[PDB]
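One structure below.
Protein chains in written order, with PDB author numbering: chain F, 101 to 168; chain Z, 155 to 214; chain U, 257 to 320; chain B, 3 to 154; chain W, 86 to 125, 138 to 322; chain P, 308 to 358; chain H, 5 to 125; chain X, 88 to 405, 413 to 499, 509 to 518; chain L, 358 to 535.
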């Protein structure tokens with residue numbers, strides 16, 4: 101029972117290190133973004149920088165896009 | 155034209171195409187949403203009639 | 257509508273009319289409401305009740 | 003030719019309309035106000051405006067969270083008794099003080115629109131108060147009623 | 086060590102040793118719930146996309162988040178300060194958040210953080226009766242919903258028809274299991290955006306926030322009239 | 308935060324350094340903690356003050 | 005008791021106590037409120053069963069408060085006596101935590117009962 | 088009297104009336120979807136599509152005193168909908184205590200309890216009595232005798248108020264009567280050979296009629312004084328009247344009307360007598376009585392148009415030859431139609447829009463072209479009847495009478 | 358099965374019934390001379406055991422009650438001298454795996470009455486369980502409560518109760534485990 105106590109407190113150390121290490125990281129989002137539009141031409145077009153505003157740097161990663 | 159008429163029909167009728175990471179859905183019309191109740195869920199309607207036409211009751 | 261059998265139970269509450277078509281009909285004698293029992297495919301030849309009146313023996317042209 | 007009962011604390015406000023009672027309870031689509039349409043349609047008739055007294059504030063708060071037949075509403079029935087006029091209540095569950103004695107009350111499906119207008123422009127013309135003062139008296143009433151219901 | 090701004094002021098990205106999202110302070114000096122504090138002379142509280150729900154929508158990318166530093170916002174579902182603290186940080190001392198909840202067990206810490214911030218005013222009444230807090234405040238500039246009740250569309254429809262000015266914002270967080278389990282998120286979210294555009298809410302975007310929550314979505318819309 | 312802790316924690320609540328050295332090497336943990344100065348534990352004598 | 009949220013009906017409580025009996029035979033439950041909260045802290049509990057029968061129920065209704073932090077299912081059954089019979093001791097048992105396992109023989113029964121629990125949340 | 092049509096891929100599985108005394112009739116109906124649909128009887132349109140907040144609705148029932156509405160859903164939920172707010176306005180009330188299997192049929196005891204048969208072979212009893220301690224939680228569960236080689240589904244549940252029982256038909260064919268208090272079976276009959284889809288009762292609960300996919304209607308009677316003082320139903324009678332199935336059964340009983348009405352997979356209706364079921368006579372209705380027509384002819388070109396759901400077809404006499419058809423699928427539902435004399439322009443018209451098509455006989459075929467008119471495209475049409483080759487008269491679903499190609512003054516009626 | 362006595366209750370004619378415990382909740386009662394199925398009583402759950410109680414009514418008339426227990430602990434009492442209809446439904450306090458119910462202190466099926474006037478009402482009712490717990494109810498007062506409390510819960514032997522029998526006077530109960 102005391103070496104089970106030893107392994108259990110080692111496990112709890114790593115558990116707390118895990119949770120308050122993952123609390124201070126940032127993970128890349130992966131969500132199905134959906135945009136609702138009007139009749140058919142707004143859907144046929146490219147969504148023309150409606151929130152990208154550059155098609156090179158600030159389009160395809162969404163953790164912070166920008167408006168210059 | 156015989157082998158792709160349903161293809162061009164569905165590809166012109168259907169909406170919500172992809173744009174890279176995104177997907178551009180159409181919103182529907184108050185016309186249809188206020189003239190009709192929504193369609194049946196074919197899953198549950200098929201479940202009920204497939205049950206009433208299961209093989210264990212010998213229909214004929 | 258020809259009747260070939262009849263039986264009564266020990267209280268006179270119900271009565272079994274067995275017809276030549278094959279059916280049986282339990283009438284309830286206090287109010288003359290009937291209940292049909294159809295198994296005999298030929299004429300019903302014999303009916304009896306049990307003592308408590310809750311079982312009806314019947315016999316006909318099938319040897320059953 | 004009508005009044006409307008609007009509250010912000012213990013301070014109740016029976017604000018009269020700049021049109022007829024039928025015009026108030028019939029159209030309601032002509033305000034669309036930026037500020038001037040609500041300023042023209044508005045008329046600060048009666049303001050039973052109490053203070054930051056916790057007793058009066060929590061009393062009208064309980065009467066707002068329940069049926070609205072409080073003493074301030076009796077004061078409004080006193081200060082609007084002209085010819086059994088038409089009133090616009092906020093909540094339909096205040097039916098007792100809505101139709102208790104000589105007041106043709108109406109609160110249905112456009113009364114909410116005119117309450118949207120007058121609640122959008124309460125502080126700009128109805129009192130002699132300012133926006134931070136209205137938010138401070140609202141949060142004082144809110145903390146009072148919160149610590150009253152949620153015990154300590 | 087380098088703080089860059091976001092699309093919405095009051096929301097920043099602290100890049101450097103940990104490129105992680107962050108808001109300002111309206112609480113001078115202290116954290117509220119043990120969130121990490123970064124100073125760059139100026140104090141900053143880290144938002145978490147897992148501990149909170151709006152931060153996950155920001156991290157998934159919400160362009161016209163109507164929570165914005167020149168408004169006042171109505172929060173129907175916090176139960177505790179862990180999200181409305183960051184909403185008061187982003188709305189700043191100019192405006193006001195109305196954090197309205199029903200279950201008074203974590204309403205204690207809700208009122209406790211509303212003591213520290215005058216930005217946050219609490220309401221301890223259920224959000225299907227907005228008439229019980231008619232007499233407290235009206236005409237908000239953006240509603241937020243985090244209720245996990247089945248009548249989400251009806252509750253926020255009543256709150257937006259009573260307290261939301263025209264052309265304002267609606268942000269609703271929808272859990273799929275609180276409406277319908279055993280059927281997938283795509284059908285239940287399409288059903289809820291149709292249920293919400295039955296009211297005068299033009300839907301703008303939905304996103305599913307998948308690395309932070311299982312089977313959730315955030316739907317934004319503009320209140321028509 | 309004290310109420311949502313188990314009763315074993317409330318037993319050893321004061322003696323954290325003795326507890327965690329006696330767990331991080333495989334030794335015997337304390338039995339009194341901050342609760343040693345209660346009057347009932349004062350009335351007890353022997354191993355039954357641990358009890 | 006009014007403040008014992010989700011309480012099970014008879015069929016669900018019969019299958020809850022059946023899986024409690026076979027977990028007690030497989031030595032896969034921690035019986036008692038302090039052992040249940042220890043498994044809640046360590047994150048090795050599948051679901052928590054409590055008894056809506058203790059005369060202070062506030063000696064119980066604190067492990068809900070850290071069940072809703074670790075999103076572990078919890079349920080109430082009406083009898084502490086019957087929960088003690090199911091756990092297989094001679095005393096009444098107020099709370100019991102079915103611990104986690106991945107090679108367990110009754111893993112499917114545990115999963116079925118915990119899904120029936122989280123339907124009523 | 089009237090017909091309320093629905094369109095493509097629309098069905099209707101349950102429907103209930105509601106008439107609070109002094110107010111208008113109200114008609115709610117579920118389809119195969121997540122909403123309840125309340126119809127206003129004037130126009131013949133839905134006036135409300137209330138999306139119930141849990142899953143796909145399998146059954147619907149109306150409270151006694153008709154202020155609440157149960158919808159029993161596919162995810163095991165029973166949702167209460169507050170009806171008494173006025174015609175049209177429906178509120179969510181309470182989701183009752185959940186379960187695993189889908190609840191396939193509902194009934195109410197009174198305003199107090201709600202009984203539900205589910206697809207796991209069980210019959211739950213919830214309490215919908217507001218301001219009780221056990222409101223919403225399921226009080227009892229009963230289990231019917233399962234089939235040996237397939238799953239059992241309880242398909243029909245009714246409450247019998249004269250006694251205190253629940254009658255229940257399940258998919259083994261067995262019909263069981265359960266004492267409500269003590270929640271337990273009194274007697275089981277092994278009546279049908281396959282499922283019992285629908286069962287009903289009369290006013291004083293002297294009879295219970297029942298029917299299902301084995302297409303016989305069974306009658307269970309308790310009319311004898313000994314039957315009433317002993318609480319003993321007997322399997323009285325049995326009739327074979329339907330051709331394929333019986334999916335719906337109901338009963339009406341008044342001073343000059345006592346009939347049970349039944350219909351099924353074969354499309355016809357059947358009327359029998361309630362208190363004289365086995366003895367008396369019955370009437371099998373025609374499968375269609377065209378009070379609203381789907382066919383009309385024009386004497387020029389010897390041609391005839393006919394419209395089924397969302398397609399029209401035209402053929403000529405000669413033999414006969416199908417000259418043209420219009421499977422317009424921009425449409426979803428059809429309604430009435432008329433042709434011009436000389437056979438030039440067809441006009442099809444439904445309660446949402448109408449559309450007019452020029453026709454030109456190109457020989458052994460036709461050529462059909464839409465001619466645009468947005469007034470027609472916006473108007474609701476019931477009847478179009480062609481004053482001239484160009485002028486038609488339009489009756490709108492909101493009681494307007496236009497004359498196009509404009510307004511008839513129409514006096515009002517005493518209400 | 359269990360064998361018991363039943364009275365016609367329009368004649369004073371008794372006959373033996375055998376009572377068979379079936380699958381769903383069913384008890385099939387049938388005549389002990391002719392084998393005719395008389396009636397059936399269904400309880401809701403897993404039927405595990407049942408017992409027969411008798412109570413006298415007048416000179417020469419008694420009434421037979423079937424007492425059947427769920428596995429979960431809820432007990433049905435069926436009057437079966439009339440049609441097999443429930444008269445009481447109560448719940449065992451505690452007890453989760455219920456294996457064996459027994460009555461005693463009067464005429465049980467194991468202390469049977471030789472003469473119809475010697476039929477007695479049973480005083481005690483023991484519900485013995487899978488953990489070895491035996492609740493003991495005193496039916497001189499525990500026929501009214503509908504959540505009756507046991508007069509004692511015995512716990513002396515620790516594995517599954519498979520026999521529990523009352524002595525004919527009703528002063529000893531015998532717990533036994535196989």
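By construction, the Cβ of each residue, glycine as well, lies at the ideal position given by its N, Cα and C atoms.
Return yes when the Cβ of residue 228 of chain W is within less than 9 Å of the Cβ of residue 92 of chain B, no when it is not. Yes, they are a contact pair.
Does the distance from the C-beta atom of residue 273 of chain W to that of residue 313 of chain W stay below 9 Å? Contact flag set, yes.
Three-state secondary structure (DSSP) at residue 394 of chain X? Strand.
So, using beta-carbon positions, are residue 318 of chain X and residue 442 of chain L closer together than 9 Å? By the CB criterion at 9 Å, residue 318 of chain X and residue 442 of chain L fall inside the cutoff.
What is the DSSP secondary structure of residue 361 of chain L, counted as helix, strand or coil? Here residue 361 of chain L sits in strand by DSSP.
Simplified DSSP assignment, three categories, for residue 91 of chain H: Here residue 91 of chain H sits in helix by DSSP.
What does the Cβ neighbour count give for residue 146 of chain W, buried or exposed, with the cut at 16 atoms within 10 Å? In this structure residue 146 of chain W is buried. Its beta-carbon is surrounded by 16 or more other beta-carbon atoms within 10 angstroms.
Beta-bridge pairing of residue 520 of chain L - partner residues as DSSP gives them: Paired residue(s): L:533.
Against chain L, with Cβ distances strictly below 9 Å, would residue 277 of chain U count as a contact? No, its Cβ sits nowhere closer than 9 Å to a Cβ of chain L.
Applying the criterion that 16 or more other CB atoms from any shown protein chain within 10 Å of the CB defines a buried residue, is residue 310 of chain W buried or exposed? Buried is the call here.
Residues of the region 485-508 of chain L whose Cβ lies closer than 7 Å to any Cβ of chain H, in chain order: The residues in question are 486, 488 and 490.
Hey, how far is the Cα of residue 114 of chain B from the Cα of residue 259 of chain W? If I take the Cα positions, the gap works out to 7 Å.
With DSSP run on the structure shown, which of helix, strand or coil describes residue 244 of chain X? DSSP places residue 244 of chain X in strand when its eight states are reduced to three.
Tell me which residues share the same chain as residue 330 of chain X and place their Cβ nearer than 6 Å to its Cβ, disregarding the 5 neighbours each side in the sequence. If the five residues before and after residue 330 of chain X are omitted, its C-beta is found closer than 6 Å to the C-beta atoms of 353, all from its own chain and listed in chain order.
Grab the span of the alpha helix (DSSP H) containing residue 205 of chain Z for me, first residue to last. Counting along the chain, residue 205 of chain Z sits inside the alpha helix (DSSP H) bounded by residues 196-206.
DSSP-derived helix/strand/coil call for residue 476 of chain X: In the three-state reduction of the DSSP assignment, residue 476 of chain X falls in the coil class.
Are the CB atoms of residue 530 of chain L and residue 484 of chain L nearer to each other than 9 Å? The Cβ atoms of residue 530 of chain L and residue 484 of chain L do not sit closer than 9 Å to each other.
Step through the CB atoms of chain Z and report whether any lies within less than 9 Å of the CB of residue 300 of chain W. Under the 9 Å criterion on CB atoms, residue 300 of chain W is classed as interfacial with respect to chain Z.
Mapping DSSP to helix, strand and coil, what is residue 413 of chain L? Three-state DSSP puts residue 413 of chain L in a strand.
Kindly say whether residue 179 of chain X, judged by its beta-carbon, lies nearer than 9 Å to any beta-carbon of chain W. Among the CB atoms of chain W, one or more fall inside 9 Å of the CB of residue 179 of chain X.
CB-CB under 7 Å to residue 162 of chain F, same chain, minus the five flanking residues each way: which ones, in chain order? Within the same chain, Cβ atoms closer than 7 Å to the Cβ of residue 162 of chain F are found at 129, the five residues on either side in sequence being excluded.
Does the distance between the C-beta of residue 114 of chain H and the nearest non-hydrogen atom of the ligand ADP fall short of 8 Å? No copy of the ligand ADP occurs in the structure displayed, which carries no ligand at all.
Taking the Cβ atom as the reference point for each residue, do residue 149 of chain B and residue 208 of chain W lie within a distance shorter than 9 Å? Cβ distance < 9 Å, so residue 149 of chain B and residue 208 of chain W count as in contact.
With a threshold of 16 other CB atoms inside 10 Å of the CB of residue 270 of chain X, please say whether the residue is buried or exposed. Answer is buried; the Cβ neighbour count reaches 16.
Compute the distance between the beta-carbons of residue 144 of chain X and residue 160 of chain X, then report whether it is under 9 Å. Yes, these two residues count as a Cβ contact at 9 Å.
Beta-carbon separation (whole angstroms), residue 316 of chain U vs residue 298 of chain U, contact threshold 8 Å: Rounded, the Cβ-Cβ distance is 6 Å, consistent with contact.
Residue 201 of chain Z at chain W interface by Cβ criterion, 9 Å: Judged by the 9 Å Cβ criterion, residue 201 of chain Z is not in contact with chain W.
Segment limits, alpha helix (DSSP H) that includes residue 311 of chain W: Residue 311 of chain W -> no alpha helix (DSSP H), and no H or E assigned at all.
Write down the C-beta distance between residue 162 of chain X and residue 141 of chain X rounded to the nearest angstrom, noting that I regard them as a contact closer than 8 Å. Between residue 141 of chain X and residue 162 of chain X the Cβ distance is about 6 Å, and since that is below 8 Å, they are a contact.
Answer with yes or no whether the minimum CB distance from residue 302 of chain U to chain L is below 9 Å. No, residue 302 of chain U lies away from the interface with chain L (no Cβ there is under 9 Å from its Cβ).
Just to confirm the assignment: which complete beta strand (DSSP E) runs, minimum length 3, are found wholly within the region 144-223 of chain W? You should have 170-172, 194-197 and 217-220.
Return the CA-CA distance between residue 111 of chain F and residue 155 of chain X, expressed in angstroms with no decimal places. Straight-line Cα distance between these residues: approximately 55 Å.
Report yes or no: is there a C-beta of chain W within less than 9 Å of the C-beta of residue 196 of chain Z? So no, residue 196 of chain Z is outside the interface.
Using the rule of at least 16 other Cβ atoms within 10 Å of the residue's Cβ for burial, across every protein chain shown, is residue 180 of chain X buried or exposed? If you draw a 10 Å sphere on the C-beta of residue 180 of chain X, you find 16 or more other C-beta atoms in it, and that means buried.
Closest Cβ-Cβ distance between residue 167 of chain F and chain Z: below 9 Å? Answer no: the Cβ-Cβ gap between residue 167 of chain F and chain Z never drops below 9 Å.
What's the call for residue 184 of chain W, buried or exposed, on a 16-neighbour Cβ count within 10 Å? Looking at its Cβ environment, which holds 16 or more other Cβ atoms inside 10 Å, residue 184 of chain W is buried.
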